[PDB]
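First the structure, in the form of structure tokens, and then the observations on it.
Throughout, residue positions are numbered sequentially from 1 according to the sequence presented.
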Amino acid sequence: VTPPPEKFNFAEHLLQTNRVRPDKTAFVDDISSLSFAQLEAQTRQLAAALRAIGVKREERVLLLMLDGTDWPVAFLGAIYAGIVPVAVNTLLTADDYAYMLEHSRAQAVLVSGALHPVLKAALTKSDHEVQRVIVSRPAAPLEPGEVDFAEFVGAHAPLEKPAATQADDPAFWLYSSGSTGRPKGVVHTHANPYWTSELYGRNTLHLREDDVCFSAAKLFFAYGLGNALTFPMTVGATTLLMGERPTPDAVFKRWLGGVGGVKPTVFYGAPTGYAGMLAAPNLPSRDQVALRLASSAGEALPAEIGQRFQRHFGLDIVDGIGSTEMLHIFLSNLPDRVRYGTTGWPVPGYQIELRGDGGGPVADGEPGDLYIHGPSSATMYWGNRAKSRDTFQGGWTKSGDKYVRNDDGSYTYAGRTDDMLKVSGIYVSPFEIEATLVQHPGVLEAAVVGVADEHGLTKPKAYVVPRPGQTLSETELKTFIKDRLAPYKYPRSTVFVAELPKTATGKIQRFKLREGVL
């Protein structure tokens with residue numbers, strides 16, 4: 001793969017790529033579609049609009065939007081102007097977004113109607129610098145300071161040239177959270193999504209122009225931003241976008257061609273989603289779908305889920321691992337070479353090392369910490385030198401995963417180095433769930449650990465010591481957490497116990513709970 005030139009604007013790169021196919025559908029969702037020509041026009045008009053309200057090169061804007069055709073216009077429009085969109089999870093709290101408005105110093109926000117109320121709460125409580133709120137598909141009346149996205153884009157002529165950025169200039173941010181602390185701003189450059197789109201989307205998955213891509217993983221996840229924006233725009237594929245939660249029924253409606261008159265040929269999602277689908281009584285039969293490739297990431301794929309999907313569909317599930325910091329997948333099975341129970345082989349372009357307790361070599365078959373060297377790595381966590389030094393170790397990026405290398409050069413997941421759980425293929429801190437539980441007045445102490453469900457997928461499980469002399473049931477505890485935590489973070493079971501295993505010092509020995517001591 002030839003490196004991008006040193007003067008490079010990633011949005012201009014994607015637009016120029018598709019000037020050969022102006023009338024092909026680029027994006028379609030439940031209510032709208034954009035051809036590549038329509039997309040380029042709206043992208044450049046948004047770039048002009050953001051400049052006209054005074055947002056400058058290198059300044060951030062926050063992009064808080066459900067998946068839909070305005071999302072790539074927002075993302076590429078900022079990037080075309082050399083403005084840095086900070087693309088964020090749409091399931092967070094107002095406090096989370098208040099922190100991100102302050103930390104990013106966002107100068108504008110591009111927000112979906114359905115998310116405008118949470119964003120208003122974040123604006124009201126923070127010391128932000130937002131100059132304008134641009135609301136895609138408002139669901140309630142707007143006030144001064146807020147403008148409808150279509151009217152904002154419609155009111156400006158398209159910007160005539162892109163910002164003259166360098167390949168290694170910041171292009172956008174994603175946020176990534178650890179087991180404690182605030183989300184970290186992962187800064188990615190204009191070159192980074194060129195590399196993941198060429199090395200993984202083109203050269204590993206062999207995506208092509210006549211594909212119809214559809215990702216259950218939203219565009220704000222690094223995985224979904226490549227699956228359903230940077231990868232298909234790189235080869236001129238059409239992409240289907242869906243605002244709503246990806247249940248088996250919502251995904252099957254789209255597999256069957258129920259939206260936009262298109263049937264997806266490439267599907268991406270998490271092992272939890274694949275399991276939920278394979279369990280659905282109305283799982284489509286193979287002659288009803290046009291899928292030719294099924295990608296998974298977000299948690300290790302249990303072998304039985306891959307084997308059952310292959311038995312049913314005649315397609316393997318291609319499991320790979322990436323990270324927010326590496327932008328997309330660096331270690332993966334191949335479409336024609338899948339070894340279930342492993343995450344396959346290094347993606348060409350990336351070097352993988354396993355390091356032991358002193359940074360040394362590990363023998364094959366021994367677990368080590370996984371480090372990655374490749375050209376799509378983020379530069380830093382913005383404003384956090386300490387955590388940047390920990391993760392970005394002279395050219396190598398620490399993932400926080402442990403892995404074992406097999407005799408055929410494949411790699412098998414061996415756990416985390418930092419207490420995080422991957423549940424429904426999304427990071428969940430057990431300490432967050434425990435902080436929620438202990439705020440219930442009937443709870444004395446709580447410890448949360450991951451336990452495999454019946455399909456082999458990790459779910460949180462909570463061990464709770466009730467306060468003597470309050471009554472407290474499992475039902476009350478479920479009600480309490482309902483609106484306090486996202487549904488993916490719900491413990492799959494709660495076990496009431498009289499005490500928890502502790503060191504001599506009073507530290508909870510979480511490992512003893514995982515070993516089944518209670």
With a 3.5 Å cut-off and no angle check, do the side chains of [X] and [Y] form a donor-acceptor pair?
X: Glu299; Y: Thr272; value: yes
X: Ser399; Y: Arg416; value: no
X: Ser376; Y: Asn192; value: no
X: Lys398; Y: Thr417; value: no
X: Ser112; Y: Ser136; value: no

Self-check item: Verdict with supporting geometry, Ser296 and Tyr268, side chain to side chain donor-acceptor pair (under 3.5 Å)
Solution: CA-CA 6 Å; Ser296 53; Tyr268 315 78; over 6 Å; no
Just by modelled atom types, is the [Y] backbone N or O under 3.5 Å from a matching donor or acceptor in the [X] side chain?
X: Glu146; Y: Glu143; answer: yes
X: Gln45; Y: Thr43; answer: no
X: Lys402; Y: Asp369; answer: no
X: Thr165; Y: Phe8; answer: yes
X: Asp67; Y: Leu219; answer: yes
X: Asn9; Y: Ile79; answer: yes
X: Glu325; Y: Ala378; answer: no
X: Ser388; Y: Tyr381; answer: yes
X: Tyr463; Y: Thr494; answer: no
X: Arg44; Y: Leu159; answer: yes

Plane angle bin for [Y] and [X] - parallel if under 30°, tilted between 30 and 60°, otherwise perpendicular:
X: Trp382; Y: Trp173; result: tilted
X: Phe330; Y: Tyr350; result: tilted
X: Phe267; Y: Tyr274; result: perpendicular

Separation between [atom1] of [X] and [atom2] of [Y], rounded to the nearest 0.5 Å:
X: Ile83; Y: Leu50; atom1: CD1; atom2: CG; answer: 4.5 Å
X: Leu115; Y: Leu64; atom1: CG; atom2: CG; answer: 4.5 Å
X: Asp418; Y: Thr180; atom1: CG; atom2: OG1; answer: 9.5 Å
X: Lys489; Y: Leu91; atom1: NZ; atom2: CG; answer: 9.0 Å

Check this for me: does any side-chain nitrogen of one of [X] and [Y] sit under 4.0 Å from a carboxylate oxygen of the other?
X: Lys422; Y: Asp401; result: yes
X: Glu244; Y: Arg254; result: yes
X: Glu59; Y: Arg105; result: no

Self-check item: Intermediate values then yes/no, salt bridge (charged side-chain N to carboxylate O under 4.0 Å, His left out), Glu434 and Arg510
Solution: CA-CA 12 Å; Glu434 291 169 5; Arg510 282 190 186 64; 2.8 Å; yes
Closest non-hydrogen atom pair, [X] against [Y]:
X: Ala122; Y: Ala94; answer: CB-O, 3.2 Å
X: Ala87; Y: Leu174; answer: O-CD2, 3.6 Å
X: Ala106; Y: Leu62; answer: CB-N, 3.8 Å
X: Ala222; Y: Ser323; answer: CB-O, 4.4 Å
X: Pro85; Y: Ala171; answer: CD-O, 3.2 Å
X: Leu46; Y: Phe149; answer: CD2-CZ, 4.2 Å

Self-check item: salt bridge (charged side-chain N to carboxylate O under 4.0 Å, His left out) against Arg60, all qualifying residues, sequence neighbours excluded
Solution: none
Quiz item: Sequence neighbours excluded, which residues qualify as salt bridge (charged side-chain N to carboxylate O under 4.0 Å, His left out) partners of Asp169?
Solution: none
Quiz item: ring pair (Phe, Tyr, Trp, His ring centres under 6.0 Å) between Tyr175 and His103: does it pass, once the steps are laid out?
Solution: CA-CA 11 Å; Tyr175 273 100; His103 169 72; 5.7 Å; yes
Quiz prompt | Min side-chain heavy-atom separation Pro271-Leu457 under 4.5 Å | solution = yes
Quiz item: Would you say the side chain of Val428 lies within less than 4.5 Å of the side chain of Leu485, judging by non-hydrogen atoms?
Solution: no
Quiz item: Picking from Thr343, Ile372, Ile329, what satisfies side chain to side chain contact (heavy atoms under 4.5 Å, CB included) with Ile321?
Solution: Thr343
Practice problem: Applying side chain to side chain contact (heavy atoms under 4.5 Å, CB included), run through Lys7 and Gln166 and close with a yes or a no. | Solution: CA-CA 4 Å; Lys7 298 289 278 175; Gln166 297 216 293; 3.5 Å; yes
Self-check item: Test log, rule side chain to side chain donor-acceptor pair (under 3.5 Å), inputs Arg137 and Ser32
Solution: CA-CA 12 Å; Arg137 302 171 185 168; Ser32 65; 3.0 Å; yes
Quiz prompt | ring pair (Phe, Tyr, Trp, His ring centres under 6.0 Å) between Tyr223 and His328, intermediate numbers included | solution = CA-CA 6 Å; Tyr223 178 49; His328 210 278; 5.6 Å; yes
Quiz item: Between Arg182 and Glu102, does a side chain to side chain contact (heavy atoms under 4.5 Å, CB included) hold up when you go through it step by step?
Solution: CA-CA 12 Å; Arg182 292 289 190 178; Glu102 290 173 337; over 6 Å; no
Exercise. Go through the steps to decide whether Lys461 and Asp453 satisfy the test salt bridge (charged side-chain N to carboxylate O under 4.0 Å, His left out), and finish with yes or no.
Key: CA-CA 10 Å; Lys461 170 169 194 192; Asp453 71 7; over 6 Å; no
Practice problem: Begin with the C-alpha distance, continue with both residues' side-chain angles, and end with the deciding distance and a verdict on side chain to side chain contact (heavy atoms under 4.5 Å, CB included) for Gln509 and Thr503. | Solution: CA-CA 7 Å; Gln509 304 181 295; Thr503 69; 3.9 Å; yes
Quiz item: Taking the six-membered ring for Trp, is the centroid-to-centroid distance between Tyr194 and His13 below 6.0 Å?
Solution: yes
Practice problem: Output, in order, the C-alpha distance, side-chain angles, deciding distance and verdict of side chain to side chain contact (heavy atoms under 4.5 Å, CB included) for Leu477 and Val464. | Solution: CA-CA 10 Å; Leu477 210 50; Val464 176; 4.1 Å; yes
Quiz item: Passes ring pair (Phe, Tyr, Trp, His ring centres under 6.0 Å), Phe172 versus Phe10? Steps please.
Solution: CA-CA 10 Å; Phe172 59 99; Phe10 181 65; 7.7 Å; no
